[PDB]
Amino acid sequence: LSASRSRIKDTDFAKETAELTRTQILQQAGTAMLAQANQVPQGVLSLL
Amino acid sequence: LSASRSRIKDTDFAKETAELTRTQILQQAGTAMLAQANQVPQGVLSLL
Amino acid sequence: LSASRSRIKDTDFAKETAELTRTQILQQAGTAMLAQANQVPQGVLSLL
Amino acid sequence: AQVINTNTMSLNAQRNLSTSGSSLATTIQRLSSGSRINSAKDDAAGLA
Amino acid sequence: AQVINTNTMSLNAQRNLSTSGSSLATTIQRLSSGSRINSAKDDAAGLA
Amino acid sequence: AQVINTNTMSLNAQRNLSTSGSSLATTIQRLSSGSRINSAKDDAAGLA
């Protein structure tokens, strides 16, 4: 019974680190693109 | 199946950056030329 | 027979690591050169 | 058309960043605790 | 012939600028989100 | 001649990078599995 209970409750360490890495990379990509998007509208000033 | 799904949905990071740079340069070229075009019609006034 | 079967199916661990290192170096060289090539065309702006 | 009052590109990027960063908390928590079911939110019967 | 009521070059330069600037939103959005298909506007069978 | 709408060097470098990166997956897989033949792609008579 103890061996059977473990199949539906414990964490798989080999699988769980990949999502950590993937999310870490995605966050940095998002931050850089957010800064770019914020800086974009500056160019309209030269027209004035 | 998971490997097969990713060939028609994911982004190619190497390809997008070139388009980003191309559009960024074209924007500045267009802005400068628009300013020049706006400034062009001024010289008629000297005739008066 | 078991000895004979192993000559055509098992991996040689001495030869694969060299190829791994070679490919790993080539990836970094290619990435750096790609970034430089992307950055090159910016110089036309000064002419305008 | 160029506008300054609203920045749709900037407005979007924020939503994408929040969506990407949502899951990192859950993965860190279940990787630190050592177990996959920590509240009734994750599973409905496995706790039973 | 000099004309001041209308400026054809000025009128023309605006259209080119808008056309060039149209694609920037799509490229930045698909570069920040990480996916090539974010809405049905891009594909009709890939999403399905 | 200097042009913006096309960047042949940039177009090239991408191809070379993909070519170099092709073989790394095969090397890693055949080093992790411990066997030189994992599918019929590598050999035709060895598996038989």
# chains A, B, ... in the order shown; residues from 1 in each chain; ligands from 1
call {"tool": "calpha_fit_and_write", "arguments": {"fixed": "chain F", "moving": "chain D", "output": "PDB file with C-alpha atoms, in the first residue's frame"}}
result
ATOM      1  CA  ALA D   1      26.177  49.630 -53.270  1.00  0.00           C
ATOM      2  CA  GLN D   2      24.349  49.875 -49.940  1.00  0.00           C
ATOM      3  CA  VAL D   3      20.813  48.517 -49.566  1.00  0.00           C
ATOM      4  CA  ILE D   4      18.446  47.898 -46.669  1.00  0.00           C
ATOM      5  CA  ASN D   5      15.625  45.718 -48.040  1.00  0.00           C
ATOM      6  CA  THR D   6      17.785  42.581 -48.371  1.00  0.00           C
ATOM      7  CA  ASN D   7      20.753  41.494 -46.288  1.00  0.00           C
ATOM      8  CA  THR D   8      22.506  38.642 -48.030  1.00  0.00           C
ATOM      9  CA  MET D   9      25.264  38.346 -45.467  1.00  0.00           C
ATOM     10  CA  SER D  10      22.702  38.006 -42.715  1.00  0.00           C
ATOM     11  CA  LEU D  11      20.709  35.584 -44.824  1.00  0.00           C
ATOM     12  CA  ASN D  12      23.680  33.304 -45.227  1.00  0.00           C
ATOM     13  CA  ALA D  13      24.953  33.097 -41.622  1.00  0.00           C
ATOM     14  CA  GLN D  14      21.554  31.691 -40.621  1.00  0.00           C
ATOM     15  CA  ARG D  15      21.915  28.740 -42.990  1.00  0.00           C
ATOM     16  CA  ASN D  16      25.443  28.014 -41.773  1.00  0.00           C
ATOM     17  CA  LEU D  17      24.297  28.093 -38.151  1.00  0.00           C
ATOM     18  CA  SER D  18      21.486  25.623 -38.798  1.00  0.00           C
ATOM     19  CA  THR D  19      23.807  23.242 -40.654  1.00  0.00           C
ATOM     20  CA  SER D  20      26.380  23.352 -37.853  1.00  0.00           C
ATOM     21  CA  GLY D  21      23.786  22.784 -35.145  1.00  0.00           C
ATOM     22  CA  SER D  22      21.977  19.901 -36.852  1.00  0.00           C
ATOM     23  CA  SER D  23      24.333  17.104 -35.734  1.00  0.00           C
ATOM     24  CA  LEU D  24      24.491  18.007 -32.033  1.00  0.00           C
ATOM     25  CA  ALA D  25      21.118  16.393 -31.350  1.00  0.00           C
ATOM     26  CA  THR D  26      22.217  13.072 -32.848  1.00  0.00           C
ATOM     27  CA  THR D  27      25.537  13.002 -31.027  1.00  0.00           C
ATOM     28  CA  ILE D  28      23.905  13.817 -27.673  1.00  0.00           C
ATOM     29  CA  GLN D  29      21.259  11.143 -28.205  1.00  0.00           C
ATOM     30  CA  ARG D  30      23.679   8.361 -29.102  1.00  0.00           C
ATOM     31  CA  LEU D  31      25.996   9.388 -26.273  1.00  0.00           C
ATOM     32  CA  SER D  32      23.182   9.221 -23.709  1.00  0.00           C
ATOM     33  CA  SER D  33      21.487   6.009 -24.860  1.00  0.00           C
ATOM     34  CA  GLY D  34      24.698   3.979 -24.928  1.00  0.00           C
ATOM     35  CA  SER D  35      24.266   2.494 -28.414  1.00  0.00           C
ATOM     36  CA  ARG D  36      25.072   3.516 -31.987  1.00  0.00           C
ATOM     37  CA  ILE D  37      21.965   2.219 -33.807  1.00  0.00           C
ATOM     38  CA  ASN D  38      18.735   3.669 -32.409  1.00  0.00           C
ATOM     39  CA  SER D  39      16.553   3.733 -35.536  1.00  0.00           C
ATOM     40  CA  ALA D  40      16.582   2.378 -39.066  1.00  0.00           C
ATOM     41  CA  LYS D  41      17.731   5.797 -40.292  1.00  0.00           C
ATOM     42  CA  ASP D  42      21.309   5.232 -39.120  1.00  0.00           C
ATOM     43  CA  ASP D  43      21.819   1.726 -40.538  1.00  0.00           C
ATOM     44  CA  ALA D  44      19.927  -0.519 -42.933  1.00  0.00           C
ATOM     45  CA  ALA D  45      21.219  -4.015 -42.110  1.00  0.00           C
ATOM     46  CA  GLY D  46      22.931  -3.686 -38.731  1.00  0.00           C
ATOM     47  CA  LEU D  47      19.552  -3.800 -37.033  1.00  0.00           C
ATOM     48  CA  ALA D  48      18.679  -6.948 -38.978  1.00  0.00           C
TER      49      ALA D  48
END
call {"tool": "closest_atom_pairs", "arguments": {"of": "chain C", "to": "chain B", "cutoff": "9 Å", "atoms": "only C-alpha atoms", "output": "JSON lines"}}
result
{"residue": "C:34", "atom": "CA", "partner": "B:14", "partner_atom": "CA", "distance": 8.7}
{"residue": "C:38", "atom": "CA", "partner": "B:18", "partner_atom": "CA", "distance": 6.3}
{"residue": "C:39", "atom": "CA", "partner": "B:21", "partner_atom": "CA", "distance": 8.3}
{"residue": "C:41", "atom": "CA", "partner": "B:22", "partner_atom": "CA", "distance": 9.0}
{"residue": "C:42", "atom": "CA", "partner": "B:25", "partner_atom": "CA", "distance": 7.6}
{"residue": "C:45", "atom": "CA", "partner": "B:29", "partner_atom": "CA", "distance": 7.7}
{"residue": "C:48", "atom": "CA", "partner": "B:29", "partner_atom": "CA", "distance": 7.9}
call {"tool": "atom_distance", "arguments": {"atom1": "atom CA of residue 15 of chain B", "atom2": "atom CA of residue 35 of chain C"}}
result
11.6 Å
call {"tool": "select_by_dssp", "arguments": {"residues": "chain C", "states": "helix (DSSP H, G or I)", "output": "count of residues only"}}
result
39
call {"tool": "atom_distance", "arguments": {"atom1": "atom CA of residue 36 of chain A", "atom2": "atom CA of residue 6 of chain B"}}
result
27.1 Å
call {"tool": "atom_distance", "arguments": {"atom1": "atom CA of residue 37 of chain A", "atom2": "atom CA of residue 16 of chain B"}}
result
15.4 Å
